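As written, the chain order gives the labels A, B, C, D, E, F, G, H and I, with residue 1 at the start of each chain.
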Amino acid sequence: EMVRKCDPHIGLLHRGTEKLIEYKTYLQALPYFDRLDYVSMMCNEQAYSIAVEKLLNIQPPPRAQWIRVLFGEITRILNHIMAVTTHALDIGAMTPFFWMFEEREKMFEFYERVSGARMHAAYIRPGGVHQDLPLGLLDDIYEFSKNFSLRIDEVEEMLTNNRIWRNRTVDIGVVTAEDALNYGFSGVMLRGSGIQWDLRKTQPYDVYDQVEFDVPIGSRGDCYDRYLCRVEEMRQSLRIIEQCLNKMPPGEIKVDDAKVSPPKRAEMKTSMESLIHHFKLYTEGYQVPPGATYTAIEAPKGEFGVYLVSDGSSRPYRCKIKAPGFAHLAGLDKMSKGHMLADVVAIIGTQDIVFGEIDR
Amino acid sequence: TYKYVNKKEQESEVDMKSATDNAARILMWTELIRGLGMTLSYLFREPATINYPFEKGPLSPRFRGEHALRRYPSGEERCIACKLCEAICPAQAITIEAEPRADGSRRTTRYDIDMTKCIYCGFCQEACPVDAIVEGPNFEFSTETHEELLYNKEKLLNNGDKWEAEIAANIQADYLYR
Amino acid sequence: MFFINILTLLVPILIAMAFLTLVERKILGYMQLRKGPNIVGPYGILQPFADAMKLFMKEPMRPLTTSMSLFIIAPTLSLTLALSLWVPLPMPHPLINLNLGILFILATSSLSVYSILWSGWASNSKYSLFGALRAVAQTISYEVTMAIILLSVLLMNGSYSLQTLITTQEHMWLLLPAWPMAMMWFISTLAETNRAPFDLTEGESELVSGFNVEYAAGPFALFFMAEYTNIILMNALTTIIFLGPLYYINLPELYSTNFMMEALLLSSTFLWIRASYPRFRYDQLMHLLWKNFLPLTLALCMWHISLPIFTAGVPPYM
Amino acid sequence: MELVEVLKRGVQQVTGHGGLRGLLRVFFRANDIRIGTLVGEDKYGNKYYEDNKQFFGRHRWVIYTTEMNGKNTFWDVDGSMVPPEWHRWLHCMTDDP
Amino acid sequence: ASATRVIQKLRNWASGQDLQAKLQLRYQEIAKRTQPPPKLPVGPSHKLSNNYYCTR
Amino acid sequence: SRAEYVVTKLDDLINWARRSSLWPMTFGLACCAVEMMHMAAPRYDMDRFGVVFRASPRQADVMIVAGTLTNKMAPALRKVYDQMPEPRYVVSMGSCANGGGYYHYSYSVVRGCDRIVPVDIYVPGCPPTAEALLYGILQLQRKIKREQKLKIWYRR
Amino acid sequence: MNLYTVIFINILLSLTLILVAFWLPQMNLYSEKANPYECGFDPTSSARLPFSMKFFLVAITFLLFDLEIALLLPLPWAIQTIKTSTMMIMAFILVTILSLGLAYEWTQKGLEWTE
Amino acid sequence: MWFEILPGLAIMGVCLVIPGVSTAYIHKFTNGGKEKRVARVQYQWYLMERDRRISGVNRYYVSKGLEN
Amino acid sequence: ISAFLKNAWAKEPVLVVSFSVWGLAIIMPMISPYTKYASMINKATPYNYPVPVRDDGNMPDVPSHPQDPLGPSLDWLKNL
């Protein structure tokens, strides 16, 4: 009942999203990113949007960036709830799941009030953001955030000082820093081994330089350290939501350049220029210049990356998507050495694993 | 800035009191009675569940669900076969085939939506220049046949004539944002 | 009239199993911030009957790789032992007055293991065999401690008869003399019956329903109700041994009522424990139940041998 | 004390649906008794009650009919029978029935 | 909100901390569902003068 | 009174049993499974209806295809559907499984689970709200309620 | 015969129940449903092959400790003897010997599993 | 709410109470206003076999007294 | 060694309890005065008939009847 070799045969959520993206426009291709990592939706489309903005040499405005980082941290709390509670289900503890999926339902209500979809909101666009958030929503995010600390404290009371959780996560999945770097890990799988690295700090992409928070780092590369790191990332995302609420400046939410981002619905019904631009944007696209980029963000799993290749056309020529989870699964066999089937189950749960990005 | 989560500041201070406290943590499962008490607290709370068919989940006007083809207040058909709802549809769900109507009007002879290809993205309704096709509130249109979920002009117009009393209100609420 | 007695002992135990399933689901629900079944009956008091009927209408699975004899015979044995264990139980006057009741219980349970352990082999598959070997490890872990705990506890009762514990506890409980033995007995009853956190044989996230992955219908139902019957049995044993209720020779139904109360409390405690904690590992269970429970168990057995003597408290042989 | 007051509230719940017939007609049919304010009755039979002292999934609810279009929905109930005028208020897109 | 003041005590003791103030549910402290209409603002490049697309 | 009436009421009973206790499978492939979890979650609790998961397909009465079905994962789906013991039902959940969905025209996608398993009920969405999946499950209950098997057996 | 009767009753309950479970329902058998599970895919080999057990030493010492139980279990009758010193010393010796053996196994890493 | 669990608990308790009171009353009914005799040693069995052979009817539970 | 036991009461307190209870079980029988009444009580129990004895004419200390003064007065078992 102990493992001598692991050969993950992924390929069962391989659809061909990259080829379909080559066949679609830059706006048509956006929901694929919502659908790749399907518990951290807005972060994937944030990455895509940043890449296309870089190719366009265009920046979004302050308000759009602020609500973008706000919903990025909301996605972090989503996926960390997901990862922690699924890891616990695997290990046997099932009550955090039901305690926290109510909070996830509230978060989905935020998504459905902002967009009209609980999960696959195509809200982060290349040119800023689609739709301005409604009256009376920051109050609700505040009312949620003031109590989520109590919720996460309940979970932490259940299964941090426990003996079964400790005995079942500690000295499990131990990774050296050199092994992590060479195998290609990112995010929490680095910070658990003790590598001070976070792109929100080193390569800030929307407003993260303008907002303060701390990066949890672990001293042992066991599962317990990179469980507490996720818990503290949830707390720090809450700390950042506080700031993003306290400053959310007024102004346009999308780039005021109607050759990239579509105009107002009434502006396209009194002006001919903006109607032409509506037409071409919503039928042809906006013709990003040639070139290429690699842009990466801290997805809640790690370094979600997109290598776009372009041309004068309104479509992309290549879009590879780096999946944090690809390299983690590659390192699965290394991390499970002298361990058992149950400990391997825990190691699967620890990587924050999801296969829409891996297979894609 | 960073911070350690599981790094002891320093060790090597123990007396018989701390030993007693640790040995009573052990041998009494004291950190497990806390979990028992937590689950006991949750037994005496109001559960978050709802009697679904009789009381339901909260939605917003922006919610995007079943589709519909709308009309003007005069009853005139509002689509004009500008054929860009299918240009942008990233699933290739929409087809149009259009002709003059014998009144001398740009109108459709076809408006199909394979709702088994639709991803419910809203691009069609934010691309239509006349607010003709919308994505309404109905999420309770499950079927026992694949062929029922392949719609045409008549089904979409039935939806519109059904859900206009809701869609008009949702649009009235959500415009000034779109 | 003995057959009517069999009825009054057997059918209510089966209804108790059936409604324990409901109570489990609803308690776990409310701990999980939800309402369990409240639809099929008024408050869901028909879901067990629905489950049973639906299970007995499903087509049973006779695989090709299987050994059909052991396959069909293991659930039979499981329920038969789960239902024969209730026989000597004094509540307060038993159905069958044995002089070595605790040995009957011990042997019956050590044989109840073989249901799991032959169903898993007969069901020729991998996760099935994993569940079987995990059952072997579990029994290796718990049987020694169960026996020596029970010895130390009855070493102040004077006999293996279950009915003598009622007079041993006429003015007190055996929980205050032996709360440590009671702790370890509780957790060994938790390791027995394959109940969480010591489940480790239908460990749905480690194994895909071990020793039942190939069982579908009424056979699986038999395993189910055997488990949920042994739960109530072990709670009844804990409350007959340690939580001794009041006999009152004129009022024996009082004994029966307090027995009911304490058994329900301890069963709800099992469900509570399922809801609260994660699962052990079947090697960590060995390490626990050999390197923590067996030392203290032997030490306290020495103590309980000394104690009748240096206190002049040697009990009577009837 | 307060135990007696919650028992009184339960007595009111038991005794605010007509009688035994009217109580069972709601209890076997919706698995709830909670009394609220009648917002309005529909042109098919639906009732659309309300009680804002509850939380934000139960402050509004429906009690369906027993015959909508010759279908006998006394037992076979479905959410497709809420027309759009009340769909909007029931799914909480409005505070305006 | 309705916990009869002794079950409130039980749950606040077993938990470890006051949770009647920080509840999992929502009663009246939420942004209500029908709202006033907005007037969304208008970004720069609406200058009406000294704004040519070749410059920005 | 009549044998046919007795048969009708017996069938009502067996349908009530199979309807009030249908045990789905832990079989979710893609995003739609997250909304299945949310249905399992407190707000739209499934166990309220007698709908609790079981991991083995032999202790299961229904399978919910909550995700995209690929050419590499179709044999496994069919093995699982086969291993399920009859009476058994299927719920296709999401556009990716009703039809091919957003991945209809791709090389590694089957354009509907209709081609591999027989579907009883189709739930649309990308994703379908767990509210909607719950509606579809109750619609499957209603479908079981009108099976009329022993009736037709008597009429053979 | 009372006990024989109770056990026969339980036996016949179980067998009647299995008879019902098998001959009441409907059957649609075919080779693709009657073959072992292995999670959707097919097995790569048989399950009637060696499963290396890594706690065999623990199993054997469990057997010896079972015998120790069998020796300790006469104590409730051994206590009503007149001596009450020989039995004390001998039970002390037995338990202490068992504990010594457990300690030797523990220190020699017999309770650890064969990785 | 949590008081919606008390029905199932009540059925469970009413079902667990019956095996005891039922056994007690069946014993008293067959043996007759008397607890069912325990015979743990051969002496008690001797007493019961005796009382059987005293009765005139093969029943150990008639309790002939000082009318002889 | 006091420091060693101080360390072991924190780390591994299960074996400390075990050795303590073992030594206590061995030492406490040596201490008590009630330890000797156990054999005497086990002896007092008459599981078998006290067979009478023939009057040789030289049995003064042996009683002629159950409730005579002679023989072992079991009043030490009373009010123990």
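The rule is simple: contacts are C-beta pairs under 8 Å (C-beta built on N, C-alpha and C of every residue); 3 or more make two chains touch, one makes a residue touch a chain.
A.B. asks: Under the document's definition of touching, what chains do subunit C and subunit D have as common neighbours?
C.D. replies: Touching subunit C as well as subunit D, we find B, F.
A.B. asks: Max contacts between which two chains?
C.D. replies: Summing C-beta contacts for every pairing gives the maximum at C-G.
A.B. asks: If you average the Cα atoms of subunit D and of subunit I to get two centres, how far apart are those centres in Å?
C.D. replies: Once rounded, the distance between the two centres reads 75 Å.
A.B. asks: Nearest whole angstrom, what separates the Cα centre of subunit B from the Cα centre of subunit F?
C.D. replies: Spacing between the chain centres: roughly 22 Å.
A.B. asks: For subunit D and subunit F, let me know how many angstrom lie between their CA-based centres, rounded off.
C.D. replies: Spacing between the chain centres: roughly 29 Å.
A.B. asks: Calculate how many whole Å lie between the centre of subunit A and the centre of subunit C, each centre taken as the average of the chain's C-alpha atoms.
C.D. replies: 47
A.B. asks: Residues touching two or more other chains, restricted to subunit F: which are they?
C.D. replies: Correct list: 41-43, 45, 48, 56, 58, 73, 76, 85-87, 102, 105, 126, 129, 135, 138-139.
A.B. asks: Can you list the residues of subunit C that touch 2 or more other chains?
C.D. replies: In subunit C, residues 27, 29-35, 38-39, 42, 44, 57-61, 95, 133, 208, 213-214, 217, 275-277, 283, 291, 295, 298, 302, 305-306, 308-309, 314, 316 touch at least two other chains, as defined above.
A.B. asks: Residues of subunit E that touch two or more other chains: which are they?
C.D. replies: Residues 1, 15-16, 19, 24-26, 30, 32-34, 38, 40 of subunit E each touch two or more of the other chains.
A.B. asks: Show me, using the given definition of touch, all chain pairs that touch one another.
C.D. replies: A-B, A-C, A-E, A-F, A-G, B-C, B-D, B-E, B-F, B-H, B-I, C-D, C-F, C-G, C-H, C-I, D-E, D-F, F-G, G-I
A.B. asks: Which subunit A residues qualify as touching subunit B in the complex?
C.D. replies: Residues of subunit A touching subunit B: 24-25, 27-29, 31, 95, 99, 102, 109, 112-117, 120, 122, 130-132, 134, 154, 157-159, 161-163, 196, 212-220, 224-225, 228-229, 232, 262, 264-265, 268-269, 275, 278-279, 282-284.
A.B. asks: For subunit E, which residues count as touching subunit D in their complex?
C.D. replies: Listed in rising order, the residues are 1, 4-6, 25-28, 30, 32-34.
A.B. asks: Which of the residues in subunit F end up touching subunit D in this complex?
C.D. replies: Against subunit D, subunit F makes touches at 43, 135, 138-139, 142, 145.
A.B. asks: Residue numbers of subunit G touching subunit F in their complex, please.
C.D. replies: 26, 28, 30, 32-33, 37, 39-42
A.B. asks: Report the residues of subunit A in contact with subunit F in the complex, numbered from low to high.
C.D. replies: So the residues of subunit A in touch with subunit F come to 11-17, 19-20, 31-32, 35, 38-39, 82, 97-98, 101-102, 104-105, 108, 118-120, 356.
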